[PDB]
Amino acid sequence: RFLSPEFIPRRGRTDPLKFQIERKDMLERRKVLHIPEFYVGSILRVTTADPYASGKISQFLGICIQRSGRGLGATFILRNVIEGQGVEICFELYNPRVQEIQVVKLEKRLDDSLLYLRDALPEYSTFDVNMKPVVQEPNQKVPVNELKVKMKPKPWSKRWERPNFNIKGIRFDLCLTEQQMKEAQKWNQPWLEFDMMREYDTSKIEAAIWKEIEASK
Amino acid sequence: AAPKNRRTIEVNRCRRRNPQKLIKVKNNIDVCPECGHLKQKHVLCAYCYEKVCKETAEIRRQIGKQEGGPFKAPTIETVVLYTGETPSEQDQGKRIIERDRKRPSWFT
Amino acid sequence: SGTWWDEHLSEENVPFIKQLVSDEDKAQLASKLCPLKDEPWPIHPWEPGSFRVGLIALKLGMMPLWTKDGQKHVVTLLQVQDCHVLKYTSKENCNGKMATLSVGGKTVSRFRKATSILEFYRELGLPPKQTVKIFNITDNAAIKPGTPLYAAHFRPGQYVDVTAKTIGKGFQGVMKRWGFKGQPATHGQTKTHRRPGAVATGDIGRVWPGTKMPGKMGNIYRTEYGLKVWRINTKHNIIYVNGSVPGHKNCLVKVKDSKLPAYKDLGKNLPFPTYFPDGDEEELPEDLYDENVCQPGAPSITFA
Amino acid sequence: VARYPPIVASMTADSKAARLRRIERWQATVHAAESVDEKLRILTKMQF
Amino acid sequence: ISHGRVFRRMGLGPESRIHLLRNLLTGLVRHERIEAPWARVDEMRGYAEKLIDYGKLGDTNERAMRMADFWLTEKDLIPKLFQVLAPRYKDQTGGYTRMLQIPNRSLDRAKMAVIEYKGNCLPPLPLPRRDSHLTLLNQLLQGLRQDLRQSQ
Amino acid sequence: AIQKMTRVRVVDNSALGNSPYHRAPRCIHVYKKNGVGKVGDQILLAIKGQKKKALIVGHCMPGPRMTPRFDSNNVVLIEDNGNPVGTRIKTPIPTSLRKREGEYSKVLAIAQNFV
RNA sequence: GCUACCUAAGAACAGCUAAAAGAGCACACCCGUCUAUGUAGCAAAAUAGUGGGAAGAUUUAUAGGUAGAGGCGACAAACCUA
Ligand SMILES: [Mg+2]
Ligand SMILES: [Zn+2]
């Protein structure tokens, strides 16, 4: 089973009745359109009406690189470098101008956030706009493709070589040299991954959410 | 900066004698039921805690005696046993440490 | 010797007082759920020049709200817990020009309040409230002390004045408390980066009152003005207020109709003394909406 | 199936059993030497 | 502003806070009752409560072993965590520790506190036992719960 | 956003747009009350020693939610009168330009693609 | 006994690139460009980073020598026990 991230409340001192009221409006919107299981490596085609035109729909395809936003205003951002130029649209999930969202290729990459694809080569981020969705299997594991990208030279947008980001989707070795491998390992900070109170243990919370989900049907 | 004119006896007399600089009379205080040395609320007794820790000292002294040297720690739960006693059937199969005094009245 | 309620109770009497006194809170709260079947004060219609009593709510948080023009309107949650009116003060001794009512909310422990405060609520037959606010009213609207006040006292489309204590920030300095520019970091500038500059001029041999110098930020009562109600949940007593409300989450506010001249005269359709659920005429649904809001459950909006 | 860590001293602590492991990591380098000249160098390099 | 933050910043940095609690938690597994100041006990108290929660995941868990090489400085308390403390708190789900406040130190007059694991070989520390049921205020209010029991 | 002297790119089929050598136009002004320039703001632009008016069509700065956040600060060229320099535009252009105030119907008749 | 220069007999200078370079990079060392801290300071001139030189007109230990109408000086009219 897959529970979508926005139904999990972020750790905080917010009253749980706020998120109970939030989940009522989440589930009433989900009756209108189907929201599929889409991961951080998933490719999505999103159709939206917009008030800028005379009432047409716009279909934008992209890789769902970053799926943060924790609440009724949950967002996901798509990428395309169509006609050689990068396009970056942050789609709100529960905004009532969406009609239907579908997955083209339901897959997942090794990293929880594919923001490094800005600094990757455009060949690893371009997608055929008129391409057909892949045939899905009913009950098997989601595909994880180890397609560790190659990048452009050293002045990146962010310091992905630092271990605070924990990027596992780069072929680092042929684009970066060993002395500035060692200097980036100076920020290793090994105590975080061994820690207890900076780890938000969320196993008990899904039981109440999944109780709320199936009782709405 | 330096004082342009010296602070006098009266201005010091008001400042260092204010109730904010004067120490507060605390009402936190009780008398211990057992020992009788007067304790404070919300803390433990200084006399009763020194009683337990100095009783803890010869107990932990003997833990180092039955091993000898470092990096040797038991994998079994332990029960301390005083004189005039027998190990129980629940206490069978533990590391049982013996200190040669009588069983204290605060130990159960 | 300073005491507390639980100083001499054993472990057999701690759960009993936890159960009994809380049941006394629930019995008196449920004894006061019928304003109209008790003897009320008379009901009067709205007149031009009339004012109405407000509420006290708790700020849960915010969720986004979307309108039919396709723009996102952030809306804060203002949840009314246990709102009762506590005292009426007449025209003659109100020390003002409008009369007043006192209203409290957020029932708190009866063990943690002063004895002068507790004798007030013991006459009323109510649990003691956290914060007591006083609302200016006219003599047209006058409500007997003891009636519950709910979320549907307000209506959607109504503009609302909300005030509370803002988030305290402690002793802060210059570029954060008053937003000044400060001094540059490099190019000399040895120990001056967040420092106040000149305070006054040379000919002034003093500092003026009211000059901006470091002190304590926040924790003061500020009011935001003209906030629309977009939606009301009657079941959990929610006010959906446009924008941001002063104060942190789970804080007590003061929910008054607006002071703005264009937004203070339109009060014809609003239920004038309060809203009474015992009237039993056209019982309100789960959620009362505005015209422009998108219904969760309405389909995708098409602009053509 | 449960790989417990081996019960030793740490290399960097300030105690007397941690000193004896720091003696042995020297004594591992004598065992791992190829030539006798390398053994004779590290056995007599710290003049005391 | 520290609205939010539950982490007391201690040590000579954020590395040094972890190692000072790592050392302090280790003496709580060996001696199973220790003395330390308030900011060092209460920071470590949560790590002592979740020590047993990670020690009840089993002997054969890789993750419970990989944190055990870090969080216990000594290596011979790794059997003691998984075979003495963990089966003792087998029925319990939380609250395995007991934190009580001690009279202050002689040097710096520090607000010190004693922390242990609940149930040990050691003598019982004089925990504050509250008023008996035979007193004046209890027996008056024992009549309250005895009268109101007959009101059903 | 676009302050003074950002590097932008001109998205036009102009003979002035395919600049060799110093192939990075530098702006000198934004036509707002701030220094901040958003989608549909006039800016000046210094190209090849010639100062030229320009129009911001999409930036690298995150703005509102369902608007594109283009990975290059791309800007179309107009003269003082208001019509664009070029004949074709091959880059994608957002459809947020129609509602906003200004001579933007001149620009949208040149765009080949609307994403 | 500091320092300026000198005498006697001594010592030190990795690695790297090049070959017999007052060569280059760069330690140990020597000096003090810029900044920050410090300004009754750790210090009556320092600390941290950045820097100049680092096989030579170098650096340095030891003993000796020149003394005020003077000494010494790759002249800063500097230095000769703050
Ligand atoms: Mg960047
Ligand atoms: Zn005692």
# chains A, B, ... in the order shown; residues from 1 in each chain; ligands from 1
>>> residues_near_ligand(ligand="ligand 2", cutoff="6 Å", atoms="only C-alpha atoms (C1' of nucleotides) and all ligand atoms", output="list in words")
residues 32, 35, 37, 45, 47 and 48 of chain B
>>> residues_near_ligand(ligand="ligand 1", cutoff="12 Å", atoms="only C-alpha atoms (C1' of nucleotides) and all ligand atoms", output="JSON, numbers by chain")
{"A": [118, 119, 155, 156, 157, 158, 159, 160], "F": [60, 61, 71]}
>>> closest_atom_pairs(of="chain C", to="chain F", cutoff="12 Å", atoms="only C-alpha atoms", output="CSV")
residue,atom,partner,partner_atom,distance
C:70,CA,F:66,CA,10.7
C:71,CA,F:64,CA,10.1
C:72,CA,F:65,CA,9.4
>>> residues_around(residues="stretch 172-179 of chain A", least_positions_apart="6", cutoff="12 Å", atoms="only C-alpha atoms (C1' of nucleotides)", output="list in words")
residues 120, 121, 148, 149, 150, 151, 152, 153, 154, 155, 156, 160, 161, 162, 185 and 186 of chain A
>>> interface_residues(of="chain C", to="chain A", cutoff="8 Å", atoms="only C-alpha atoms", output="PyMOL selection string")
chain C and resi 60-61+63-64+66+69-70+77+249-250+294+296-304
